[PDB]
Amino acid sequence: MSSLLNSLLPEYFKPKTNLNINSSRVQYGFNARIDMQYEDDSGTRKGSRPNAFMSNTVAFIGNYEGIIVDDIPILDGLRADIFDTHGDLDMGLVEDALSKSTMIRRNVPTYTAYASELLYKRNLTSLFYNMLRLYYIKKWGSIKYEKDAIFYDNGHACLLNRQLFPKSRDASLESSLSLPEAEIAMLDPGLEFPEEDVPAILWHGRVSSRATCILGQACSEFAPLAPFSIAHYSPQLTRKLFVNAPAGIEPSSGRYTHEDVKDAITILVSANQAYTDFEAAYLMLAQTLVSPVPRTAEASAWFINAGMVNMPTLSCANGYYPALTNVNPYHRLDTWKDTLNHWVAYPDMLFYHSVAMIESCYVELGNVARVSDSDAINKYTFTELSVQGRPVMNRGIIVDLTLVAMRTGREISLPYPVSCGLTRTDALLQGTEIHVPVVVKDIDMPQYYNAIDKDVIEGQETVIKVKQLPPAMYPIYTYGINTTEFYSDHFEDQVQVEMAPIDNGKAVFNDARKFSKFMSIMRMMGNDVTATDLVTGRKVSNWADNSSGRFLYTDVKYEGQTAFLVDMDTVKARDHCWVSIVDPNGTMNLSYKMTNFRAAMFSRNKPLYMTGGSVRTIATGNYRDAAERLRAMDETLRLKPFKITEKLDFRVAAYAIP
Amino acid sequence: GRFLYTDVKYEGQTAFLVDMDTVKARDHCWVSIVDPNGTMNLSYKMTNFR
């Protein structure tokens, strides 16, 4: 769904057609200008940060596994006459439709019996999913995965790719997969009984020598060596695949270019009228394509256990009964060919749509994790209250699109309630502390991180405990579309806090909200302050994340209640503007303004520049030549948003109906 | 049988950690706090005097 994911990008940013990705890691952000103004009891001070880079990091590494499941049928592309006055498939009219379009009327009773059983299981989403993955393996087939490389690196702790991904070796993306080929047989017209558990698809003219090899490899098993996002393990779709081609198919060549895969997809969709089936596969890949690099070491807990990708079962009966597919197809929405027309024009735009989607999900799960398990809307019952359709199960895409609705605060709508794709909320839905394996870089590691072994040596491999899941990403593209108090991602804001009395060289902050505001100010001024949690006896630091220049309360790494002892004597000066002061006095007022946003992308510690021309808009209106909006709002999936209502605690988040 | 704030025997900053799984029943004619969850609300009423 192009028009949906295209809306998530910020109004100032309009990306160009091509993007030459040449690495397994891409930073994306913006260069903003901050105009700070400070006032306290001592006096006033005015400064200005001329260039500030706020960015996340996203990679092409994510452990996933495929399962074949049975899902709903997509009834789009079938002729409009077989459907009655309502949006329902009548078997009374299928008998009539097949009868009028043949001379041999002996086969009508047999044809109707088989058609009735097959039409209620038609889904080509799994075939297009694999065909799309083959396109990007050939295009970006020079990305290197080194086993003894770094995953996260702060200075105290470190995670290697040996950990998080065991049973892996060093390989390029083209060298990862060695796909076998399934038998692409020809369906001779005259066969009366459709062979069971084998799909048949239509084709335009002669099946090319290259087109055979693509369809053969798309249906086969995926068995990777290196952990890659677009080369994840998938079960075998089918053994055989019939093709009702008037001209006979040619034998498989063995080799194909990425350009040849586009020609295979464009023909397969046009012949079968499977435009809505492609839209499902497009959204399903947008989830998987890229995975987040964690903000802090604790945010690696999300990516330990392998998330399951629900691939629908491959079934189709267009090859057997080509009478059912004619020139007047049935569609629910009039904008039902937009997603394919967008991809075929601008293939590399999927990267930006993928980054936009996975950001929105992992940002909002930062809030859902902090919700107490004694309210109406909680981690267990947030999807069920949101959805207003009838899917098979609240899994895959339904979970992800619910989180996008909660982020943007708008009603998202799909034509069919499809439940296919990655489920992320697995690490969240379990009342157990997660054991992230880490490497010790400095001797003073146990003071900061909640480590098992309290005495360590540089080189030792230990384990750290994570109870509450912290935010994996900060808002960048979705910055200021709706501002929560937790992130505090405002354009303009006036922070007011009262400074605690400095007894010896230490200031006690008993309250939780005041402590968050204090360290948030001192960070924007650019003062590396270090405080001691009195309950646990572990040191917290506002400079936890360098990439995103902000302080979240989850950097304390202790759910519950505590009091902090801030060290006011050892306040280091890392980055100093003219605003920056060391000695606060009385009531601290900081008023900042953010202006002059401009998007910038970094890859392999150099600037990554966009190539090609400017993207012209392709989009169809609500009506072509349709008079009355026959609402048909019974079967269509609808996802209602939730607004965060702030309360006194500040540690707990709460959702309400707007 | 009351607690005045001068029983702390020190004037400083206020950060009192109370662990509510080490509460022990001492006297007779007592209400039990076995395992609390959520917001607590304590209250009393003195009615007659002799």
# chains A, B, ... in the order shown; residues from 1 in each chain; ligands from 1
$ interface_residues --of "chain A" --to "chain B" --cutoff "8 Å" --atoms "only C-alpha atoms" --output "MDAnalysis selection string"
chainID A and resid 508 510 535 563
$ select_by_dssp --residues "chain B" --states "helix (DSSP H, G or I)" --output "MDAnalysis selection string"
chainID B and resid 5:8
$ write_last_selection --atoms "C-alpha atoms" --output "PDB file, in the first residue's frame"
ATOM      1  CA  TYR B   5       8.719  12.428  62.734  1.00  0.00           C
ATOM      2  CA  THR B   6      11.310  13.307  65.509  1.00  0.00           C
ATOM      3  CA  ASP B   7      11.863   9.470  65.962  1.00  0.00           C
ATOM      4  CA  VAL B   8      14.198   9.606  62.836  1.00  0.00           C
TER       5      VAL B   8
END
$ atom_distance --atom1 "CA of residue 206 in chain A" --atom2 "CA of residue 246 in chain A"
7.3 Å
$ atom_distance --atom1 "CA of residue 32 in chain B" --atom2 "CA of residue 649 in chain A"
27.3 Å
$ residues_around --residues "residue 404 in chain A" --least-positions-apart "5" --cutoff "10 Å" --atoms "only C-alpha atoms" --output "PyMOL selection string"
chain A and resi 4-5+8+356-364+399+409-412+639+641
$ write_last_selection --atoms "N, CA, C and O atoms" --output "CSV table (one decimal), in the first residue's frame"
chain,number,residue,atom,x,y,z
A,4,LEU,N,-0.3,4.8,1.6
A,4,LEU,CA,-0.3,4.7,3.1
A,4,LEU,C,1.2,5.0,3.6
A,4,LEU,O,1.3,5.9,4.5
A,5,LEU,N,2.2,4.2,3.2
A,5,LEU,CA,3.6,4.3,3.7
A,5,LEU,C,4.3,5.5,3.2
A,5,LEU,O,5.2,6.0,3.8
A,8,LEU,N,3.8,8.6,5.6
A,8,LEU,CA,4.6,8.5,6.9
A,8,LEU,C,5.9,9.4,6.8
A,8,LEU,O,6.3,9.9,7.9
A,356,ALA,N,10.4,3.8,7.3
A,356,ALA,CA,9.3,4.6,7.8
A,356,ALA,C,8.4,3.7,8.7
A,356,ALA,O,7.9,4.2,9.7
A,357,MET,N,8.2,2.4,8.2
A,357,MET,CA,7.2,1.5,8.9
A,357,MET,C,7.9,0.9,10.2
A,357,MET,O,7.2,1.0,11.2
A,358,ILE,N,9.1,0.4,10.1
A,358,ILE,CA,9.8,-0.3,11.3
A,358,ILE,C,10.1,0.7,12.4
A,358,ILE,O,10.1,0.3,13.5
A,359,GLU,N,10.3,2.0,12.0
A,359,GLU,CA,10.5,3.1,13.0
A,359,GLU,C,9.2,3.3,13.8
A,359,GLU,O,9.3,3.3,15.0
A,360,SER,N,8.1,3.5,13.1
A,360,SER,CA,6.8,3.7,13.7
A,360,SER,C,6.4,2.6,14.7
A,360,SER,O,5.8,3.0,15.7
A,361,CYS,N,6.7,1.4,14.4
A,361,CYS,CA,6.4,0.2,15.2
A,361,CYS,C,7.2,0.2,16.5
A,361,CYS,O,6.6,0.1,17.6
A,362,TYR,N,8.6,0.3,16.3
A,362,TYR,CA,9.5,0.1,17.4
A,362,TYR,C,9.5,1.4,18.3
A,362,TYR,O,10.0,1.2,19.5
A,363,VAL,N,9.1,2.5,17.9
A,363,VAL,CA,8.9,3.8,18.7
A,363,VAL,C,7.7,3.6,19.6
A,363,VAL,O,7.8,3.8,20.8
A,364,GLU,N,6.5,3.1,19.1
A,364,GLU,CA,5.2,3.0,19.8
A,364,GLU,C,5.3,1.8,20.8
A,364,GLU,O,4.6,1.9,21.8
A,399,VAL,N,-1.0,-6.5,13.5
A,399,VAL,CA,-0.3,-6.0,14.7
A,399,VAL,C,0.5,-4.7,14.4
A,399,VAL,O,0.5,-3.8,15.2
A,409,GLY,N,-2.0,8.7,14.4
A,409,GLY,CA,-3.3,9.1,15.0
A,409,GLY,C,-4.4,9.3,13.9
A,409,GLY,O,-5.1,10.3,13.9
A,410,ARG,N,-4.4,8.4,12.9
A,410,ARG,CA,-5.3,8.4,11.7
A,410,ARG,C,-5.9,6.9,11.5
A,410,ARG,O,-5.1,6.0,11.9
A,411,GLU,N,-7.1,6.8,11.0
A,411,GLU,CA,-7.8,5.5,10.7
A,411,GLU,C,-7.2,4.9,9.4
A,411,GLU,O,-7.4,5.5,8.3
A,412,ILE,N,-6.5,3.8,9.5
A,412,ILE,CA,-5.9,3.0,8.4
A,412,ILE,C,-7.0,2.0,8.0
A,412,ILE,O,-7.6,1.4,8.9
A,639,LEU,N,-8.8,0.1,11.4
A,639,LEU,CA,-7.9,0.1,12.6
A,639,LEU,C,-8.0,1.5,13.3
A,639,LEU,O,-7.6,2.5,12.6
A,641,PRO,N,-7.3,4.5,16.1
A,641,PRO,CA,-6.1,5.0,16.9
A,641,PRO,C,-6.4,5.2,18.4
A,641,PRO,O,-7.6,5.4,18.7
$ atom_distance --atom1 "CA of residue 315 in chain A" --atom2 "CA of residue 121 in chain A"
6.3 Å
$ closest_residue --among "A:219, A:324, A:502, A:247" --to "residue 80 in chain A" --atoms "only C-alpha atoms"
A:324
$ residues_around --residues "residue 157 in chain A" --least-positions-apart "6" --cutoff "8 Å" --atoms "only C-alpha atoms" --output "PyMOL selection string"
chain A and resi 297+438-442+445
$ write_last_selection --atoms "N, CA, C and O atoms" --output "PDB file, in the first residue's frame"
ATOM      1  N   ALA A 297      22.534  -1.051  24.642  1.00  0.00           N
ATOM      2  CA  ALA A 297      22.874  -2.493  24.742  1.00  0.00           C
ATOM      3  C   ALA A 297      21.665  -3.310  25.229  1.00  0.00           C
ATOM      4  O   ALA A 297      21.547  -4.479  24.808  1.00  0.00           O
ATOM      5  N   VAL A 438      26.959 -10.384  26.254  1.00  0.00           N
ATOM      6  CA  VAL A 438      27.781  -9.157  26.008  1.00  0.00           C
ATOM      7  C   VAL A 438      29.264  -9.484  26.227  1.00  0.00           C
ATOM      8  O   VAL A 438      29.560 -10.522  26.850  1.00  0.00           O
ATOM      9  N   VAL A 439      30.152  -8.617  25.724  1.00  0.00           N
ATOM     10  CA  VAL A 439      31.636  -8.688  25.906  1.00  0.00           C
ATOM     11  C   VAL A 439      32.082  -7.456  26.704  1.00  0.00           C
ATOM     12  O   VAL A 439      31.580  -6.349  26.415  1.00  0.00           O
ATOM     13  N   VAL A 440      32.998  -7.648  27.662  1.00  0.00           N
ATOM     14  CA  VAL A 440      33.517  -6.587  28.580  1.00  0.00           C
ATOM     15  C   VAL A 440      34.719  -5.915  27.903  1.00  0.00           C
ATOM     16  O   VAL A 440      35.678  -6.638  27.564  1.00  0.00           O
ATOM     17  N   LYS A 441      34.661  -4.589  27.720  1.00  0.00           N
ATOM     18  CA  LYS A 441      35.720  -3.768  27.063  1.00  0.00           C
ATOM     19  C   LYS A 441      36.524  -2.997  28.121  1.00  0.00           C
ATOM     20  O   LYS A 441      37.761  -2.943  27.977  1.00  0.00           O
ATOM     21  N   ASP A 442      35.856  -2.413  29.126  1.00  0.00           N
ATOM     22  CA  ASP A 442      36.490  -1.710  30.277  1.00  0.00           C
ATOM     23  C   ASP A 442      36.191  -2.485  31.565  1.00  0.00           C
ATOM     24  O   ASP A 442      35.122  -3.123  31.641  1.00  0.00           O
ATOM     25  N   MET A 445      32.748  -2.129  34.091  1.00  0.00           N
ATOM     26  CA  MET A 445      31.469  -2.434  33.388  1.00  0.00           C
ATOM     27  C   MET A 445      30.362  -2.772  34.389  1.00  0.00           C
ATOM     28  O   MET A 445      29.248  -2.273  34.234  1.00  0.00           O
TER      29      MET A 445
END
$ residues_around --residues "residue 70 in chain A" --least-positions-apart "6" --cutoff "9 Å" --atoms "only C-alpha atoms" --output "ChimeraX atom specification"
/A:121,311-313,392
$ write_last_selection --atoms "N, CA, C and O atoms" --output "short mmCIF file (atom, residue, chain, number, x, y, z; two decimals), in the first residue's frame"
data_model
loop_
_atom_site.label_atom_id
_atom_site.label_comp_id
_atom_site.auth_asym_id
_atom_site.auth_seq_id
_atom_site.Cartn_x
_atom_site.Cartn_y
_atom_site.Cartn_z
N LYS A 121 -10.11 -20.82 -1.64
CA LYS A 121 -8.66 -20.79 -1.30
C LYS A 121 -7.86 -20.40 -2.55
O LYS A 121 -7.32 -21.31 -3.23
N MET A 311 3.66 -16.93 6.04
CA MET A 311 3.51 -16.98 4.56
C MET A 311 2.24 -17.77 4.22
O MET A 311 2.15 -18.94 4.59
N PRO A 312 1.22 -17.18 3.55
CA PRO A 312 0.03 -17.93 3.15
C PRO A 312 0.31 -19.10 2.19
O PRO A 312 1.30 -19.03 1.47
N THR A 313 -0.54 -20.12 2.21
CA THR A 313 -0.45 -21.32 1.32
C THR A 313 -0.71 -20.90 -0.13
O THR A 313 -1.64 -20.08 -0.35
N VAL A 392 -8.64 -14.10 10.45
CA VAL A 392 -8.45 -15.49 10.99
C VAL A 392 -7.87 -15.38 12.41
O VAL A 392 -8.37 -16.09 13.30
#
